[PDB]
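FYI the Cβ positions are ideal-geometry reconstructions off the backbone, even for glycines, and counts take in every protein chain you see. Readers should treat all values here as calculations from the given coordinates under stated rules, not as data from a laboratory.
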Amino acid sequence: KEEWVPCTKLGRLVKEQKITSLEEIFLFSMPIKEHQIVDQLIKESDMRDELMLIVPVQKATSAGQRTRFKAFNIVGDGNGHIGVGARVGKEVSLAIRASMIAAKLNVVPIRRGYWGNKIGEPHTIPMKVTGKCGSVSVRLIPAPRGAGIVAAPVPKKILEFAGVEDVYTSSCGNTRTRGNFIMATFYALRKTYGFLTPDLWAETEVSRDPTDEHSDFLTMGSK
Amino acid sequence: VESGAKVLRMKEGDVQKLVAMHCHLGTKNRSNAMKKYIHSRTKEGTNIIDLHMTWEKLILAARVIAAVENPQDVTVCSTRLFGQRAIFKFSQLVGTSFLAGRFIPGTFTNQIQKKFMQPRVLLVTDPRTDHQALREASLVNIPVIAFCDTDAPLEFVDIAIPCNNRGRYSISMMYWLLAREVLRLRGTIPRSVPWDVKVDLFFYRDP
Amino acid sequence: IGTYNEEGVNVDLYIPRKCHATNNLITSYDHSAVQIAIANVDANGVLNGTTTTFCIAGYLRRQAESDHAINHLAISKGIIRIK
Amino acid sequence: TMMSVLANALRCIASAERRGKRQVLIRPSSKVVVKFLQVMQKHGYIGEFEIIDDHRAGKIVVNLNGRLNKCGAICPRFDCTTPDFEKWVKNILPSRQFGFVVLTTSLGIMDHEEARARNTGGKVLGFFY
Amino acid sequence: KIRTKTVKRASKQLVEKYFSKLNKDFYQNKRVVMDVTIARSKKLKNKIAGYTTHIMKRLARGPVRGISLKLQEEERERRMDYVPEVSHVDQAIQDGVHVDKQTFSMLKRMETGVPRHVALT
RNA sequence: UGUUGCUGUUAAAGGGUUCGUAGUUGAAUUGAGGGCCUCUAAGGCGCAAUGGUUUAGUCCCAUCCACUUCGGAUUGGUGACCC
């Protein structure tokens, strides 16, 4: 690795021990634009990467074609973090790198609940949801203990990395376009904190953004 | 105020200023945003803005700007010549940063650039010139205070203060007020005396 | 607040913020939802350090419901006073 | 023309709770609409409401919170029995947690939990989340 | 002819950081530039210094555009001065305020009423 | 093959327009009681009464400044408000 010097207010606060988790970030809903902030606050040997898809892309020109590779990369942790990203390069290893980097800036937390009696730790989404990308759409359905992941290959990875165990699924549209299939399943998971349930409502006391709190630091850093 | 002390409420001198310098004279045109703040009109069809609710919004604004930990997390934006002085002058008293001239997209959303800024507050002066800046504040979580007329889009404008912005005098006086009432609350220039800086510094002067 | 077991142990990763305008929720992928802070004021006209806060959300701002919101909240506290 | 009065209420209410309105108007009225709101109003989905008199057909007004997500009617008014419920709950509701289905039973208009408890079946009416 | 962006860029930086010129002489300006800059071309130094002059001539008028706001600052510092004494808000009130019907109406119904020196056409 | 559960502007599909029988569908209304006895029962923006010394704030008195732009005092009156 070649070293990090932060260009963001956020990044400074992460690079010293003030912000010690990604849930502080997630709360006040600040954007992450330096991949090193996800590296810093998530322990190593607990991230699981992999490449869902690598694929050629062309364009037409005079004399012949022009070729550019492309790639999809998915990343996350079984405590409820996941992201996805896809990018392009004119060589192979390029697109690989650029995907991984992208993916670590679309990290989003995932909420889990129960199907029935509340015992143990949550193994399943609390509700039905949907996502749509392109024509192809995806629906995720709660299921009881031991039901397991009943899904196609493509979705099953998304779910497994999230920390969702038992589930069921179904889809419509052309599911054979893989890039859209991925992104659909991703948009699905997101919306479990996008929906409001009697578990919550209470009008919680709200808190100041880390920037306000730690403002002392960031002033000195300017000088 | 809360447990009302009956400061921060209009007095004779307030009214006198805002009448004279034509801060209650608006545009002919209307929009569904501004129809609450409009109050009657003339045979010219020139809408006349309420004083009372201008003042309330104006107070509210100040209480934002002087909440801030460090003044440099406020920026003040304009593009129009007549306001392009009073930006400077306001900033120099309060201690805020500013952005002058045309607005360059890539000053709030670009990761790595020559000019990159992350203010916690903002001010425009019109949302119909300054439009580009509003857009970029949608994506960086920045609340925007704005001066307005009797027209104005309010998309991505959290707080709207109805004003005039059609002449030198109009823009000046608003900034002059805001500078006063921020200093009074914070670092205590006193409100027993009149304030000592004079208007004309803020006023645009023709070349 | 949040989901529990039958042992009372809380199993939600975090508990997200409210919108106070419409009682929605404020997602991590929405970057258009914000927080405003208005400083409280004593007699003589000075600052005591901030108290009151508002939260507005993505949905509102792009439809230009913004201003209307902030009125209808501030009036409820007594920050803004209607004549 | 106007067929179902009921669904001409619950469609309005639903839509308005999305669009950010804090109140709704509901132009026709019934002895059904009233009851359906009274249910909800217990839990906290509906905050209050008024009933205006015109001496021809009433109007109604509704207050709102933000705690309601969708409501609607299940139009042909099918039939349900003591085991049957779990069909409807697996279907129309997103979960077996927080939803409710609304029924017209022998006893009166009620919501599924209450029904099962007192051991009545009955026809069905609508739902709310 | 037309000047490349090397020229322009350089020249701007100087006008900014120095007002140890303001001269409209090519000559005076030049002998500043060549001891402030290292470029190791004598050709470049000519074109830079020349353009400089054609900035300062513009600066004596309205906005140059795209060269900071410092121009406002040193333009304000001149003469005179600035311009009174008691002004402007004073004069304005004291010489009468005149206003059309609707305004006057709205003012007298306020909790401060219609104030001193106001107003009817 | 779509009762649960499809599609019909441009990918296959609204029939040239209207009247009209069988058939399917169809607005509102007779109406949901009170009384009494308790439990820390959650509220009254209803009311009597004592406590406020800038030890809350605001009206109405007092006095001097004052042409925009002054504040000391009589627990002023348990007008009002906490508690």
Amide H contacts under 5 Å for A:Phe72, placed H, 5+ residues apart: A:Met52, A:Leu53
Efficiency of FRET from Cβ geometry, D:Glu114 and A:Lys118, R₀ 22 Å, rounded to 0.05: 0.50
Under 5 Å, built H, 5+ apart or other chain: amide partners of A:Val138: A:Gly131, A:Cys172
Cleavage-rule hits (GluC sites (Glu not before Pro)) in segment E:61-121: DSSP loop, at most 16 neighbouring Cβ within 10 angstrom: E:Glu77, E:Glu85, E:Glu111
E:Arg3-A:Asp216 FRET efficiency (beta carbon distance; Förster radius 51 Å; 0.05 resolution): 0.60
Cα-centred dipole magnitude for chain B, charges only on beta-carbon of K, R (+1) and D, E (-1), debye, nearest 20: 320
Dipole of the protein assembly as shown, positive direction: furthest Cα of A:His123, D:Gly66, C:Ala64, with charges on the beta-carbon: C:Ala64
Inter-label distance, nm, simple model (7 Å from Cα along the C-beta direction), A:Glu203/A:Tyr168: 4.1
Nearest-0.05 FRET efficiency for B:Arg205 and E:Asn46, computed from C-beta distance (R0 35 Å): 0.45
Built amide H within the under 5 Å cut-off of C:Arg17, gap 5+: C:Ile26
Stretch gain in nm, segment B:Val7-B:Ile38, where the contour uses 0.36 nm per residue and the Cα spacing is subtracted: 8.6 nm
Proximal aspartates and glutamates relative to B:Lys35, as straight alpha-carbon distance under 20 Å, when same-chain residues fewer than 8 apart are discounted: B:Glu44, B:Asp50, B:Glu56, B:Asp126, B:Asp149, B:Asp151, B:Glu155, B:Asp158, C:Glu65, C:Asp67
Point-to-point label distance, D:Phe78-A:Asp39, nm (Cα→Cβ direction, 7 Å offset): 5.6
Shape call, the protein assembly as shown: gyration tensor on alpha carbons, a/c limit 1.5: oblate
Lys, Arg +1 and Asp, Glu -1 on Cβ, resulting dipole of the protein assembly as shown about Cα centre, debye, nearest 20: 3860
